[PDB]
């Protein structure tokens, strides 16, 4: 029920301010709760549109600690939107991987392990919202309705979110071991 495959962490990024657009780093520390100093770090978070069964603002466990996208799927989004490129930073990703053209399909329960031993527990698909779409729009202001275009074309290829299962440091270019749940 565990099929193993090797992939690569092409880029690492952190949201060190209130902005969700991340900035590239040569290294990141993964600890329980996520990336220390990152916008989504912590044991808890406030409920929002992603957790509609809770009243907005309700304090709940922070399930979306780390955001991952694959270079292949980002290129796929770019093509579908008719734009030259889509940067992981614009989507607020913390890790951009290569060698995973179907990353979004990685089932919950799967693990992604780094050379240091740091490990991520897959918490499923990251549903596309309008915000990143509006960010993409700002980079191509001469192209109409890109925000809604993102929400439409990114569905199923916008990446996944994970919880930190084991602490450890991660570095740019790290070869990763994916344990795909079956």
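Positions refer to the first chain, counted from 1.
Judged by mean Cα B factor in the deposited record, 15-23 ranks above the other of 155-163 and 15-23. Across the two stretches, 111-119 and 127-135, the PDB entry reports the greater mean Cα temperature factor for 127-135. When the C-alpha B-factors of 95, 83, 91, 71 are read from the PDB record, the largest value belongs to 83. Within the group 146, 66, 28, 60, the record's highest C-alpha temperature factor is found at 146. Among all modelled residues in its chain, residue 100 ranks in the lowest third by Cα B-factor.
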